[PDB]
Amino acid sequence: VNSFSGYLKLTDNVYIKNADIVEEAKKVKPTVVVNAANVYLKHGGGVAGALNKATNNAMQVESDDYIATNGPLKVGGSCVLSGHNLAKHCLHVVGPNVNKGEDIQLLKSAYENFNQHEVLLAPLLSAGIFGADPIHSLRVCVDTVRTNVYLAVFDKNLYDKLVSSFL
Ligand SMILES: Cc1nc(Cn2cnc(N)c3ncnc2-3)cs1
């Protein structure tokens, strides 16, 4: 048993809910929240800007020290940093940004990072302002992640579309 509530079950291991990932993290305090990061860990908008704002910018301060030491992530890569006030850990995962001309084939590599964690609260990678088709992102998630993933979709209209179209 875990503390996640109100999720639709898609598969053996994938669950989904219409909720802001920020509001879900505050309520659950999961072991791992996934950030939809970029390679610079510059948390401007989408899930990164919203998560970072909820940490009072502590996520960005920690992230800048990480980049100063290690350099940028790879597209498709990740790093584990603090979850601050939202979670034990934040897994910063870089999905391809379609709008940036980033290769969509890297989305599977991005979701493979989730398999290093038994349970995660996560957004749909490369969706929203990263420009990918969210229906595709959900399919790659279900076909790639083997650990237990609780997906938060903030947009009501997108949630209803993802559920109705899910095979
Ligand atoms: C770059 C990306 N944006 C989203 C959409 N999205 C944006 N803002 C939030 N606070 C969200 N919580 C859940 N999903 C959210 C997915 S990936």
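Here is what the cut-offs are and how they apply
Residues numbered from 1 in each chain as written, not as in the entry; some residues may be left out. Heavy atoms only, no water. Residues with missing side-chain atoms left out of burial classes, pairs and counts. Core = buried A, V, L, I, M, F, W, Y, C linked by side-chain atoms within 4.5 Å. Buried < 20%, exposed > 50% of the residue type's maximum accessible area, 1.4 Å probe, protein only. Helix = DSSP H or I, 4+ residues; strand = E, 2+ residues; numbered from the N terminus. Contact = heavy atoms within 4.5 Å. Polar contact = N/O pair within 3.5 Å; in protein donor to acceptor, adjacent residues only side chain to side chain. Salt bridge = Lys/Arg side-chain N within 4 Å of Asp/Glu carboxyl O.

- The deposited coordinates for this entry were obtained by X-ray crystallography, with a reported resolution of 1.0000 Å.

### Observations concerning the nonpolar core
Item 1. Membership of the largest hydrophobic core comes to 26 residues, with the highest contact counts inside it found for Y111, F114 and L151.
Item 2. Where this core is concerned, the elements lending two or more residues are strand 2 (14-18), strand 3 (32-36), strand 5 (89-93), helix 4 (106-112), strand 6 (119-122), helix 5 (134-144), strand 7 (148-153) and helix 6 (156-165).
Item 3. For this core, the element with the most residues is helix 5, which contributes 4 residues.
Item 4. Excluding its chain neighbours within four sequence positions, the residues that come into contact with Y111 are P123, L124, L125, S137, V140, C141, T144 and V145.
Item 5. Grouped together as the second largest cluster of nonpolar side chains are 18 residues, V28, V33, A87 and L121 included.

### Regarding the side chain of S137
Item 1. Structurally, the position occupied by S137 is in helix 5.
Item 2. In this structure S137 comes out as buried when scored by relative accessible area, which is 0%.
Item 3. Reaching out from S137, the side chain makes a polar contact with the backbone oxygen of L125 at a distance of 2.6 Å.
Item 4. Excluding residues within four positions of it along the chain, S137 makes contact with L107, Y111, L124 and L125.

### Observations concerning the pattern of salt bridges
Two side chains carrying opposite charge are able to pair once their charged atoms lie near each other.
Item 1. Applying the stated criterion across every chain yields a total of 4 salt bridges.
Item 2. The salt bridge partner of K26 is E23, with a shortest N-O separation of 3.2 Å. Placement of the pair is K26 and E23 together in helix 1 (residues 21-28), with a separation of 3 residues, close to one helical turn.
Item 3. For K26, a relative accessible area of 45% translates into the label partly exposed.
Item 4. Here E23 falls in the partly exposed class, since its relative accessible area comes to 44%.
Item 5. For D143, the salt bridge is made with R139, and the minimal N-O distance between the two is 3.0 Å. On the criterion of helical spacing, the pair formed by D143 and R139 is a turn pair, its members being 4 residues apart in helix 5.

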